[PDB]
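**Student:** First, the structure itself, so that you have it in front of you.
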Amino acid sequence: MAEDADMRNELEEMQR
Amino acid sequence: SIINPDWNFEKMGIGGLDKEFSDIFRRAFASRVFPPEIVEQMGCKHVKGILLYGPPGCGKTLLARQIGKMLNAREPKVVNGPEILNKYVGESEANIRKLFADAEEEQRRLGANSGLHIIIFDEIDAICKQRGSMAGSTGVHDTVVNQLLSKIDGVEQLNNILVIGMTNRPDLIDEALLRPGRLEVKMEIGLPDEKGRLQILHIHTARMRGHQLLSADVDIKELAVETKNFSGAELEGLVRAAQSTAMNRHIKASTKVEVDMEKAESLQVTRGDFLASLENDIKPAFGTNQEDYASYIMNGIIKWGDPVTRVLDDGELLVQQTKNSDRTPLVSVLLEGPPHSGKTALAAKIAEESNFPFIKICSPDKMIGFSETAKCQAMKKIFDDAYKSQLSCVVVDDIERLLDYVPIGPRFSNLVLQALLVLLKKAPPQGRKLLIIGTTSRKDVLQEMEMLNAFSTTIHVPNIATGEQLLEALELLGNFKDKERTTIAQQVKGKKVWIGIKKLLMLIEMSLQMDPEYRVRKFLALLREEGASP
Amino acid sequence: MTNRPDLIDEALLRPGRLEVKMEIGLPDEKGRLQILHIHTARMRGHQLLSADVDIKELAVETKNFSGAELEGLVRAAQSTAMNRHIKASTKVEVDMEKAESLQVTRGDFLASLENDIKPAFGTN
Ligand SMILES: Nc1ncnc2c1ncn2[C@@H]1O[C@H](COP(=O)(O)OP(=O)(O)OP(=O)(O)O)[C@@H](O)[C@H]1O
Ligand SMILES: Nc1ncnc2c1ncn2[C@@H]1O[C@H](COP(=O)(O)OP(=O)(O)OP(=O)(O)O)[C@@H](O)[C@H]1O
């Protein structure tokens with residue numbers, strides 16, 4: 001079984 | 001009143017969607033129109049949702065905006081796609097609740113006798129998708145869906161809101177939202193019919209007729225006849241293209257653009273522009289379902305002998321029997337003959353002469369390099385599609401090429417044979433009729449496999465046998481003069497011949513390449529050398 | 001503009017959004033002749049082109065070429081001529097006294113067509 005490929009990511013910003 | 005006083009059906013310019021609009025009015029607006037006393041007596045609740053869907057360019061947005069215009073109430077709120085997402089946490093729900101805050105306030109202030117509020121969501125699938133089946137990068141989408149579900153139907157009851165949602169892929173929407181109380185009425189918009197295609201064409205041409213800018217030779221009914229499978233958007237595009245073609249004839253560009261302005265005040269649109277546009281500019285996005293009979297019949301049919309008429313009459317009789325019978329919903333027939341006899345063209349003609357709603361032809365030309373499973377899947381799909389219509393006719397040609405037969409060993413594919421043998425005896429659903437026409441060139445091989453008994457009848461397609469038929473065929477084609485015809489007759493009339501029409505055409509074309517003083521001789525040799533056959 | 005028209009969403013191609021669909025393909029002999037004439041106007045105007053160069057012969061010969069390839073052929077031909085007045089043995093030096101009277105001949109075009117530029121289509 002071929003291991004799952006790499007993935008991107010999504011980011012969320014927070015305000016102080 | 002709740003309805004604009006000047007509103008009427010005719011003013012919204014909608015096309016052939018009579019039934020759908022009537023169903024909407026019945027199932028969505030019946031309750032609000034009756035006096036409060038009786039509706040209170042029943043004590044029934046009111047609808048709050050609608051979900052339009054269908055293929056692109058059918059009128060969903062037009063219908064939604066026309067419904068908005070029809071109703072007299074607050075200006076509808078529009079959510080233009082995924083404009084509600086924000087990077088800061090918790091602000092998407094802020095907007096999704098700001099939308100409904102005003103309606104909540106009004107209902108609180110006035111109670112049951114308050115006005116109505118309408119909210120329109122466009123590209124709903126962008127926002128609302130299954131909570132479980134989603135990206136794990138952020139839980140923002142799930143929180144949004146939960147907020148919407150809570151607001152639309154939560155512990156607090158709100159009953160003066162109507163929400164309209166339009167999409168193109170209804171499957172992706174979450175199941176929890178498409179339940180009674182949120183969106184129970186769900187319509188499907190589809191391609192129009194001939195009457196709808198006439199009404200649509202009428203709605204746009206109106207102004208040109210009003211101002212006398214359309215030539216009298218234009219027949220709208222004919223245009224509606226030709227334009228098959230088109231949609232409203234494509235019809236409007238065709239009209240625009242014809243207009244542009246008509247307009248282009250008063251400008252001299254390509255060095256510097258100018259306009260006449262004195263010969264340009266007598267403009268008119270003829271039927272030629274429509275014909276030109278229908279072949280060059282606009283092609284139907286939905287692939288034409290009509291078969292390309294020109295490809296299969298590339299040189300027409302010529303009556304060189306009785307057998308042609310006999311075969312056509314037999315085909316007509318079979319068509320009549322399958323059309324006017326109830327004890328035998330399924331019928332089959334096989335056409336057999338020597339190679340180069342024209343079986344495919346005759347089968348195509350027989351199929352065309354009938355006027356069945358559904359007609360399709362399955363050929364190996366498309367199945368190049370396919371495995372023995374892909375062919376089975378394709379045949380299954382074709383037959384499944386055929387099953388839907390009330391009357392169906394299907395043609396299977398070149399059977400031996402469909403089984404991958406080779407006389408060495410021999411070899412063939414068993415799975416396809418079994419699938420065909422099962423599909424030749426499966427009756428369609430109740431109250432439907434199907435006809436199957438098969439073509440082949442080797443009857444003994446089929447006899448060996450014991451499938452010749454699966455068919456109901458057989459028809460024989462002979463090839464030219466006597467010199468008189470050859471002379472008649474030459475006369476019909478008219479490729480030689482009287483002197484050459486006499487010269488050829490002087491020899492051929494003595495004996496018999498055995499040749500197929502396709503090979504005859506090839507021989508004629510090969511012969512016509514020589515100089516005039518030799519062509520006839522070149523012909524005779526080709527007939528003598530290749531003509532050695534029973 | 002795209003190179004893979006069949007990967008685009010269908011909803012974007014219906015009339016009213018993107019109607020005019022156009023295909024740009026390889027030119028024919030007349031198009032090749034026109035293109036070749038376009039890219040050689042300045043040299044002819046300034047008398048930098050030799051009198052033995054025949055455009056029609058090149059147009060007939062250059063088969064399966066595209067516009068970029070024709071421009072590249074002209075550019076290589078131009079450099080083969082400029083290189084005859086430079087000395088890159090030890091120190092890069094230019095003549096500057098024979099640079100004037102620079103001319104482009106048919107031999108340069110022929111040489112550039114056999115060792116520098118090769119089409120990427122069909123048999124050759
Ligand atoms: N039934 C119709 N009657 C009259 N005009 C129509 C009809 N259907 C389409 N048209 C014309 O085609 C245009 C396209 O229709 P519309 O914008 O409503 O499509 P849509 O289904 O909402 O689009 P999509 O699914 O591509 O987002 C309409 O504005 C109108 O110009
Ligand atoms: N009277 C005719 N009957 C049949 N075909 C005809 C007739 N007159 C002309 N033709 C043309 O003869 C051509 C030969 O027909 P077709 O290719 O269908 O033959 P076929 O017997 O199925 O061939 P094959 O042996 O190669 O499988 C077709 O283009 C058909 O249009």
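Labels used: A, B, ... for chains in the order of the structure tokens, numbers from 1 for residues in each chain, and numbers from 1 for ligands as shown.
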Which residues are near ligand 1 in this structure, taking near to mean any atom at most 10 Å from a ligand atom and counting only C-alpha atoms and all ligand atoms? Format them as a ChimeraX atom specification.
**Tutor:** /B:12-17,52-65,122-123,166-168,189-192,196-197,199-204,231-237 /C:10-17
**Student:** Got a sec to check which residues lie within 10 Å of ligand 2, using only C-alpha atoms and all ligand atoms, and send them as a ChimeraX atom specification?
**Tutor:** /B:294-305,307-309,336-349,397-398,401,439-441,461,463,473,476-477,500-506
**Student:** Which value, in Å to one decimal, gives the distance between atom CA of residue 89 of chain B and atom CA of residue 154 of chain B?
**Tutor:**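 Result for atom CA of residue 89 of chain B versus atom CA of residue 154 of chain B: 22.6 Å, one decimal.
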**Student:** Residues of chain A that approach chain B to 10 Å or less, counting only C-alpha atoms: could you list each one with the shortest pair of atoms and its distance in Å to one decimal, rows by chain and increasing residue number, as JSON lines?
**Tutor:**
```
{"residue": "A:8", "atom": "CA", "partner": "B:137", "partner_atom": "CA", "distance": 8.9}
{"residue": "A:9", "atom": "CA", "partner": "B:137", "partner_atom": "CA", "distance": 6.2}
{"residue": "A:10", "atom": "CA", "partner": "B:137", "partner_atom": "CA", "distance": 5.6}
{"residue": "A:11", "atom": "CA", "partner": "B:137", "partner_atom": "CA", "distance": 7.7}
{"residue": "A:12", "atom": "CA", "partner": "B:87", "partner_atom": "CA", "distance": 5.9}
{"residue": "A:13", "atom": "CA", "partner": "B:88", "partner_atom": "CA", "distance": 5.8}
{"residue": "A:14", "atom": "CA", "partner": "B:88", "partner_atom": "CA", "distance": 5.8}
{"residue": "A:15", "atom": "CA", "partner": "B:88", "partner_atom": "CA", "distance": 7.3}
```
**Student:** One number please: atom CA of residue 214 of chain B to atom CA of residue 239 of chain B, in Å, one decimal.
**Tutor:**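 So the two atoms, atom CA of residue 214 of chain B and atom CA of residue 239 of chain B, lie 11.7 Å apart.
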**Student:** Assign secondary structure with DSSP using the backbone only, and return the residues of segment 286-417 of chain B in helix (DSSP H, G or I) as an mmCIF file with N, CA, C and O atoms, in the first residue's frame.
**Tutor:**
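Dumped to part_20.cif:
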```
data_model
loop_
_atom_site.group_PDB
_atom_site.id
_atom_site.type_symbol
_atom_site.label_atom_id
_atom_site.label_comp_id
_atom_site.auth_asym_id
_atom_site.auth_seq_id
_atom_site.Cartn_x
_atom_site.Cartn_y
_atom_site.Cartn_z
ATOM 1 N N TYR B 293 -26.732 9.956 -38.994
ATOM 2 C CA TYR B 293 -27.062 8.964 -40.010
ATOM 3 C C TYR B 293 -26.263 9.177 -41.287
ATOM 4 O O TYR B 293 -26.123 8.243 -42.082
ATOM 5 N N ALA B 294 -25.740 10.385 -41.503
ATOM 6 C CA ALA B 294 -24.936 10.635 -42.694
ATOM 7 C C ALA B 294 -23.696 9.754 -42.708
ATOM 8 O O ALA B 294 -23.289 9.257 -43.765
ATOM 9 N N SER B 295 -23.079 9.550 -41.543
ATOM 10 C CA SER B 295 -21.869 8.738 -41.482
ATOM 11 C C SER B 295 -22.140 7.307 -41.930
ATOM 12 O O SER B 295 -21.356 6.728 -42.690
ATOM 13 N N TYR B 296 -23.246 6.720 -41.471
ATOM 14 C CA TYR B 296 -23.550 5.337 -41.820
ATOM 15 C C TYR B 296 -24.090 5.218 -43.240
ATOM 16 O O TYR B 296 -23.784 4.247 -43.940
ATOM 17 N N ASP B 306 -35.322 -5.878 -56.961
ATOM 18 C CA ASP B 306 -36.417 -6.172 -56.041
ATOM 19 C C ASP B 306 -35.964 -6.409 -54.605
ATOM 20 O O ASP B 306 -36.675 -5.972 -53.681
ATOM 21 N N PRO B 307 -34.844 -7.088 -54.340
ATOM 22 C CA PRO B 307 -34.502 -7.413 -52.946
ATOM 23 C C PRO B 307 -34.468 -6.210 -52.024
ATOM 24 O O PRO B 307 -34.805 -6.343 -50.841
ATOM 25 N N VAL B 308 -34.072 -5.038 -52.519
ATOM 26 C CA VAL B 308 -34.073 -3.848 -51.674
ATOM 27 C C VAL B 308 -35.482 -3.562 -51.169
ATOM 28 O O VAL B 308 -35.709 -3.378 -49.962
ATOM 29 N N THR B 309 -36.454 -3.535 -52.083
ATOM 30 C CA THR B 309 -37.835 -3.288 -51.691
ATOM 31 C C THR B 309 -38.346 -4.385 -50.770
ATOM 32 O O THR B 309 -39.072 -4.108 -49.809
ATOM 33 N N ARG B 310 -37.985 -5.639 -51.052
ATOM 34 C CA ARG B 310 -38.438 -6.736 -50.204
ATOM 35 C C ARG B 310 -37.934 -6.567 -48.773
ATOM 36 O O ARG B 310 -38.700 -6.716 -47.809
ATOM 37 N N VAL B 311 -36.651 -6.239 -48.618
ATOM 38 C CA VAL B 311 -36.081 -6.061 -47.288
ATOM 39 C C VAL B 311 -36.750 -4.895 -46.573
ATOM 40 O O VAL B 311 -37.084 -4.988 -45.382
ATOM 41 N N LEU B 312 -36.948 -3.779 -47.276
ATOM 42 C CA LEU B 312 -37.572 -2.626 -46.636
ATOM 43 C C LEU B 312 -38.996 -2.948 -46.193
ATOM 44 O O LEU B 312 -39.423 -2.547 -45.102
ATOM 45 N N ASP B 313 -39.744 -3.677 -47.023
ATOM 46 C CA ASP B 313 -41.104 -4.056 -46.651
ATOM 47 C C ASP B 313 -41.107 -4.951 -45.420
ATOM 48 O O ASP B 313 -41.944 -4.783 -44.523
ATOM 49 N N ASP B 314 -40.187 -5.916 -45.362
ATOM 50 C CA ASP B 314 -40.118 -6.779 -44.186
ATOM 51 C C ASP B 314 -39.809 -5.970 -42.932
ATOM 52 O O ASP B 314 -40.407 -6.196 -41.870
ATOM 53 N N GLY B 315 -38.877 -5.022 -43.035
ATOM 54 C CA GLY B 315 -38.576 -4.178 -41.889
ATOM 55 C C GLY B 315 -39.778 -3.374 -41.434
ATOM 56 O O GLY B 315 -40.039 -3.247 -40.233
ATOM 57 N N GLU B 316 -40.527 -2.817 -42.388
ATOM 58 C CA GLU B 316 -41.732 -2.072 -42.034
ATOM 59 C C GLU B 316 -42.742 -2.967 -41.330
ATOM 60 O O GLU B 316 -43.383 -2.551 -40.355
ATOM 61 N N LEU B 317 -42.908 -4.198 -41.817
ATOM 62 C CA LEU B 317 -43.836 -5.122 -41.175
ATOM 63 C C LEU B 317 -43.418 -5.409 -39.738
ATOM 64 O O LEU B 317 -44.258 -5.433 -38.828
ATOM 65 N N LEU B 318 -42.121 -5.633 -39.514
ATOM 66 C CA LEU B 318 -41.647 -5.874 -38.153
ATOM 67 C C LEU B 318 -41.897 -4.665 -37.259
ATOM 68 O O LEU B 318 -42.302 -4.811 -36.098
ATOM 69 N N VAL B 319 -41.649 -3.461 -37.780
ATOM 70 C CA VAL B 319 -41.883 -2.257 -36.987
ATOM 71 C C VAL B 319 -43.350 -2.163 -36.596
ATOM 72 O O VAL B 319 -43.687 -1.875 -35.440
ATOM 73 N N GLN B 320 -44.249 -2.409 -37.552
ATOM 74 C CA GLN B 320 -45.672 -2.364 -37.240
ATOM 75 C C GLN B 320 -46.029 -3.391 -36.173
ATOM 76 O O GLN B 320 -46.772 -3.087 -35.231
ATOM 77 N N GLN B 321 -45.509 -4.614 -36.303
ATOM 78 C CA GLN B 321 -45.849 -5.654 -35.339
ATOM 79 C C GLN B 321 -45.404 -5.261 -33.938
ATOM 80 O O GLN B 321 -46.159 -5.407 -32.970
ATOM 81 N N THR B 322 -44.177 -4.757 -33.806
ATOM 82 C CA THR B 322 -43.710 -4.371 -32.479
ATOM 83 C C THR B 322 -44.481 -3.172 -31.944
ATOM 84 O O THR B 322 -44.636 -3.033 -30.726
ATOM 85 N N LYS B 323 -44.969 -2.299 -32.828
ATOM 86 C CA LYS B 323 -45.707 -1.130 -32.359
ATOM 87 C C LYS B 323 -47.107 -1.493 -31.879
ATOM 88 O O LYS B 323 -47.599 -0.909 -30.907
ATOM 89 N N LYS B 343 -25.198 -4.148 -45.450
ATOM 90 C CA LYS B 343 -26.123 -4.482 -44.372
ATOM 91 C C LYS B 343 -26.303 -3.313 -43.413
ATOM 92 O O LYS B 343 -27.426 -3.017 -42.988
ATOM 93 N N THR B 344 -25.209 -2.637 -43.060
ATOM 94 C CA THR B 344 -25.294 -1.544 -42.098
ATOM 95 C C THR B 344 -26.162 -0.405 -42.614
ATOM 96 O O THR B 344 -26.979 0.138 -41.861
ATOM 97 N N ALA B 345 -26.002 -0.027 -43.883
ATOM 98 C CA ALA B 345 -26.804 1.061 -44.429
ATOM 99 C C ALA B 345 -28.285 0.709 -44.428
ATOM 100 O O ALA B 345 -29.127 1.542 -44.074
ATOM 101 N N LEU B 346 -28.624 -0.519 -44.822
ATOM 102 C CA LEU B 346 -30.023 -0.925 -44.831
ATOM 103 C C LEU B 346 -30.604 -0.959 -43.425
ATOM 104 O O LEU B 346 -31.748 -0.538 -43.219
ATOM 105 N N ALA B 347 -29.839 -1.452 -42.449
ATOM 106 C CA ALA B 347 -30.324 -1.445 -41.074
ATOM 107 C C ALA B 347 -30.549 -0.021 -40.581
ATOM 108 O O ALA B 347 -31.559 0.264 -39.924
ATOM 109 N N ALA B 348 -29.622 0.886 -40.890
ATOM 110 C CA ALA B 348 -29.788 2.275 -40.478
ATOM 111 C C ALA B 348 -31.025 2.889 -41.117
ATOM 112 O O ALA B 348 -31.772 3.623 -40.462
ATOM 113 N N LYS B 349 -31.252 2.610 -42.403
ATOM 114 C CA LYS B 349 -32.442 3.132 -43.066
ATOM 115 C C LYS B 349 -33.711 2.593 -42.420
ATOM 116 O O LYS B 349 -34.661 3.346 -42.176
ATOM 117 N N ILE B 350 -33.746 1.289 -42.135
ATOM 118 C CA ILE B 350 -34.927 0.710 -41.503
ATOM 119 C C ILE B 350 -35.180 1.370 -40.157
ATOM 120 O O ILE B 350 -36.323 1.689 -39.808
ATOM 121 N N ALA B 351 -34.120 1.583 -39.376
ATOM 122 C CA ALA B 351 -34.285 2.242 -38.086
ATOM 123 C C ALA B 351 -34.808 3.663 -38.255
ATOM 124 O O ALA B 351 -35.698 4.097 -37.515
ATOM 125 N N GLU B 352 -34.268 4.403 -39.225
ATOM 126 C CA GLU B 352 -34.684 5.789 -39.413
ATOM 127 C C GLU B 352 -36.145 5.884 -39.830
ATOM 128 O O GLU B 352 -36.876 6.758 -39.351
ATOM 129 N N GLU B 353 -36.587 5.003 -40.730
ATOM 130 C CA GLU B 353 -37.947 5.112 -41.247
ATOM 131 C C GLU B 353 -38.978 5.067 -40.128
ATOM 132 O O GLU B 353 -40.026 5.715 -40.226
ATOM 133 N N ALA B 374 -15.144 -3.338 -20.073
ATOM 134 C CA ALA B 374 -15.630 -2.039 -20.524
ATOM 135 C C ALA B 374 -16.743 -2.198 -21.548
ATOM 136 O O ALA B 374 -17.724 -1.445 -21.535
ATOM 137 N N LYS B 375 -16.603 -3.167 -22.453
ATOM 138 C CA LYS B 375 -17.643 -3.408 -23.444
ATOM 139 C C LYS B 375 -18.953 -3.792 -22.768
ATOM 140 O O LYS B 375 -20.024 -3.283 -23.122
ATOM 141 N N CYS B 376 -18.883 -4.694 -21.787
ATOM 142 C CA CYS B 376 -20.089 -5.099 -21.075
ATOM 143 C C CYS B 376 -20.734 -3.909 -20.384
ATOM 144 O O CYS B 376 -21.960 -3.741 -20.432
ATOM 145 N N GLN B 377 -19.926 -3.067 -19.739
ATOM 146 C CA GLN B 377 -20.480 -1.901 -19.061
ATOM 147 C C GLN B 377 -21.156 -0.958 -20.049
ATOM 148 O O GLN B 377 -22.237 -0.426 -19.773
ATOM 149 N N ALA B 378 -20.533 -0.736 -21.210
ATOM 150 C CA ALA B 378 -21.124 0.157 -22.201
ATOM 151 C C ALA B 378 -22.457 -0.381 -22.710
ATOM 152 O O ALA B 378 -23.441 0.366 -22.815
ATOM 153 N N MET B 379 -22.512 -1.675 -23.035
ATOM 154 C CA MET B 379 -23.772 -2.254 -23.492
ATOM 155 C C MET B 379 -24.839 -2.161 -22.410
ATOM 156 O O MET B 379 -26.006 -1.854 -22.698
ATOM 157 N N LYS B 380 -24.462 -2.426 -21.159
ATOM 158 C CA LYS B 380 -25.426 -2.329 -20.072
ATOM 159 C C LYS B 380 -25.970 -0.913 -19.955
ATOM 160 O O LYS B 380 -27.175 -0.718 -19.767
ATOM 161 N N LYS B 381 -25.098 0.090 -20.064
ATOM 162 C CA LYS B 381 -25.559 1.471 -19.979
ATOM 163 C C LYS B 381 -26.523 1.799 -21.110
ATOM 164 O O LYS B 381 -27.562 2.438 -20.891
ATOM 165 N N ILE B 382 -26.196 1.376 -22.333
ATOM 166 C CA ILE B 382 -27.067 1.681 -23.466
ATOM 167 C C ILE B 382 -28.441 1.057 -23.258
ATOM 168 O O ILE B 382 -29.476 1.703 -23.467
ATOM 169 N N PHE B 383 -28.475 -0.208 -22.838
ATOM 170 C CA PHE B 383 -29.765 -0.867 -22.659
ATOM 171 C C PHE B 383 -30.541 -0.259 -21.496
ATOM 172 O O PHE B 383 -31.773 -0.147 -21.553
ATOM 173 N N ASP B 384 -29.842 0.151 -20.434
ATOM 174 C CA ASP B 384 -30.519 0.819 -19.329
ATOM 175 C C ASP B 384 -31.176 2.108 -19.797
ATOM 176 O O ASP B 384 -32.324 2.395 -19.440
ATOM 177 N N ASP B 385 -30.464 2.899 -20.602
ATOM 178 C CA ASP B 385 -31.068 4.112 -21.141
ATOM 179 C C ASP B 385 -32.268 3.781 -22.019
ATOM 180 O O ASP B 385 -33.298 4.462 -21.957
ATOM 181 N N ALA B 386 -32.157 2.735 -22.839
ATOM 182 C CA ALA B 386 -33.264 2.375 -23.719
ATOM 183 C C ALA B 386 -34.497 1.967 -22.922
ATOM 184 O O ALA B 386 -35.630 2.206 -23.352
ATOM 185 N N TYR B 387 -34.296 1.342 -21.761
ATOM 186 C CA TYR B 387 -35.433 0.842 -20.991
ATOM 187 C C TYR B 387 -36.380 1.956 -20.562
ATOM 188 O O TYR B 387 -37.574 1.706 -20.360
ATOM 189 N N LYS B 388 -35.880 3.184 -20.409
ATOM 190 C CA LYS B 388 -36.711 4.247 -19.847
ATOM 191 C C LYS B 388 -37.884 4.592 -20.757
ATOM 192 O O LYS B 388 -39.023 4.712 -20.292
ATOM 193 N N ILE B 399 -21.360 -7.983 -35.233
ATOM 194 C CA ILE B 399 -21.340 -8.826 -34.043
ATOM 195 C C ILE B 399 -20.003 -9.545 -33.919
ATOM 196 O O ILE B 399 -19.415 -9.602 -32.833
ATOM 197 N N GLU B 400 -19.497 -10.100 -35.022
ATOM 198 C CA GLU B 400 -18.256 -10.863 -34.947
ATOM 199 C C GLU B 400 -17.082 -9.994 -34.514
ATOM 200 O O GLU B 400 -16.164 -10.487 -33.852
ATOM 201 N N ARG B 401 -17.089 -8.709 -34.868
ATOM 202 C CA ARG B 401 -16.067 -7.799 -34.369
ATOM 203 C C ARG B 401 -16.295 -7.425 -32.914
ATOM 204 O O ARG B 401 -15.359 -6.975 -32.248
ATOM 205 N N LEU B 402 -17.518 -7.597 -32.413
ATOM 206 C CA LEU B 402 -17.818 -7.294 -31.022
ATOM 207 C C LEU B 402 -17.441 -8.436 -30.089
ATOM 208 O O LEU B 402 -17.371 -8.226 -28.874
ATOM 209 N N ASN B 414 -15.790 -14.793 -23.921
ATOM 210 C CA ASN B 414 -16.993 -15.486 -23.473
ATOM 211 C C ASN B 414 -17.949 -14.553 -22.740
ATOM 212 O O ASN B 414 -19.173 -14.680 -22.874
ATOM 213 N N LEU B 415 -17.408 -13.617 -21.958
ATOM 214 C CA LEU B 415 -18.253 -12.773 -21.120
ATOM 215 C C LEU B 415 -19.210 -11.938 -21.960
ATOM 216 O O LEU B 415 -20.396 -11.811 -21.627
ATOM 217 N N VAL B 416 -18.715 -11.361 -23.056
ATOM 218 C CA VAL B 416 -19.575 -10.567 -23.927
ATOM 219 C C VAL B 416 -20.673 -11.436 -24.520
ATOM 220 O O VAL B 416 -21.835 -11.020 -24.611
ATOM 221 N N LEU B 417 -20.324 -12.652 -24.942
ATOM 222 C CA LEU B 417 -21.320 -13.546 -25.521
ATOM 223 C C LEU B 417 -22.419 -13.858 -24.515
ATOM 224 O O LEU B 417 -23.608 -13.846 -24.852
#
```
**Student:** Which residues come within 10 Å of segment 490-492 of chain B, counting only C-alpha atoms, excluding same-chain residues fewer than 2 positions away, as a list in words?
**Tutor:** residues 466, 467, 468, 470, 471, 484, 485, 486, 487, 488, 494, 495, 496, 497, 524 and 527 of chain B
